[PDB]
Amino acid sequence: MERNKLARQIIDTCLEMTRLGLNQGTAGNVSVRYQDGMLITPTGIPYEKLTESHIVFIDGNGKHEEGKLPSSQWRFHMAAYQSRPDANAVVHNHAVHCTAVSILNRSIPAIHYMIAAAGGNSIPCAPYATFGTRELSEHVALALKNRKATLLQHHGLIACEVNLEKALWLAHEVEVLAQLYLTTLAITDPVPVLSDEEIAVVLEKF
């Protein structure tokens, strides 16, 4: 749990994200909680050229390491960390099904019991704000108060968890739920969902 070990795992997560077909447009950024701030992917540099020394450290004040440019979305990574003290890793991407649901400005309801992996009976959709602004950060902070993942309207997805492996797994599961939702919504609306009682049982079971 030295910086370089953590930097490699961020890079592995970027590669795995592309392998899984979640990083379309090379839009993602990945971060981990570190010291008083976080380690995050840099802006510009394509994922396949990424090396350990490219990873940027941003402190609690928002001051980033000299000579390195953090992702343009670093601020809502910091907002997730402040809003969810238990989160140690954050994954952001523009997975197509998630982003399509975020264009409809819909929450994903409990169409499958795995919806409870994000903490409740839904995956919310935070209202649009211009990328990189404080206003976007506030909407994300509010949406993550009681959920580990959120859609961002007209934009994409943020998922947070205790480590990169779970954060990536969660992100992937939300993309499956989004695809399931869009496929059934094209047939019938509304889509059959599981009741709050049933989801309370599953949550207790998890």
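From 1 onward, residues are counted along the sequence shown.
Trainee: For the higher mean C-alpha B factor in the entry, choose 190-198 or 10-18.
Mentor: Result: 10-18.
Trainee: With reference to the PDB entry, specify whether the mean Cα temperature factor is higher for 133-141 or for 166-174.
Mentor: Per the PDB record, 133-141.
Trainee: I'd like to know which of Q179, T150, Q153, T43 has the highest C-alpha temperature factor in the PDB entry.
Mentor: Each of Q179, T150, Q153, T43 was compared by C-alpha B-factor; the highest is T43.
Trainee: Looking at the entry's B-factor column for C-alpha atoms only, identify whether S31 ranks in the lowest, middle or highest third of its chain.
Mentor: Lowest third, going by the recorded CA B-factors of the chain.
Trainee: Please place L39 in the lowest, middle or highest third of its chain according to the CA B-factor in the PDB entry.
Mentor: It belongs to the middle third of the chain when residues are ordered by C-alpha B-factor.
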